[PDB]
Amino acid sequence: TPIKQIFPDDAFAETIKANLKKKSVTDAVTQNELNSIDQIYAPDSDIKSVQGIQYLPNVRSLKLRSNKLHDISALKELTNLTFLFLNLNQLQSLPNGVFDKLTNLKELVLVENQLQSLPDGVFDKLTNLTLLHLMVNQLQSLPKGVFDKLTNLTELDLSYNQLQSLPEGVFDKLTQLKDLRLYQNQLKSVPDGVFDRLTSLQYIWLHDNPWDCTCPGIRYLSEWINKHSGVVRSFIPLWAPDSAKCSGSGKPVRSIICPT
């Protein structure tokens, strides 16, 4: 049953053409050939629609940059996906439940988009995820318990956003987390004990946030940084434990001695 242009978008079609190594997008393809695609990689693309990808069931790895694509609903059928990487500077909304079937997902990367908010429970089914990166978006808040089901997460990157606060106990379930990046945000404070259960943590980035160093509000963070100073890292040149700085003073958060 040979057919092609199962992908209406022309840029994406050439991408499927290149993957299957054929003359043009008019060339027919079988189902056996569609089932041969394990990896799609579309750098620096102009793809506007990924319609037709729902029929590539054995795709395990997808990485795509496009300044035009804003719909990603087709990807909810790729149940064998282990690696997803998307750089869509127009993606503003995540379809409802889109990742709820991608239960074999190990690494999820969403960067340079415009998501200002995340749906509730969006990740709850990805119980096998090890790596989650959401940098350079516009997130202003996180949903309650949004990470609670990713019990096997080892790396979480939330840098370069607009986060003003963190929900209570948001990292409490992530007992195998080793790398967490919160730098380049708008955080004035963290919840008390927000890091107390991260027993495998080895690297944390806290700088470029406007920390409010009024006592007692900054007490937990200042005391935590001094107790766990070996785990603090920095991408700006500063003694790493001193890289979290008070707004106004510019003094290091860990230099603030709050009573009792």
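Quick note: we count residues from 1 along the sequence shown, nothing fancier.
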Averaging C-alpha B-factors over each stretch, which comes out higher, 23-31 or 42-50?
-> 23-31
Taking the deposited Cα B-factors and averaging over 53-61 and over 189-197, the higher mean is found in 53-61
Which of these has the highest Cα B-factor in the record: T79, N161, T130, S165?
-> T79
Comparing C-alpha B-factors across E112, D157, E107, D100 in this entry, the winner is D100
So where's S73 on the chain's Cα temperature factor ranking, which third?
-> highest
Check where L153 lands among this chain's C-alpha B-factors and tell me if it's the lowest, middle or highest third.
-> middle
Comparing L182 with the other modelled residues of its chain, is its CA B-factor in the lowest, middle or highest third?
-> lowest
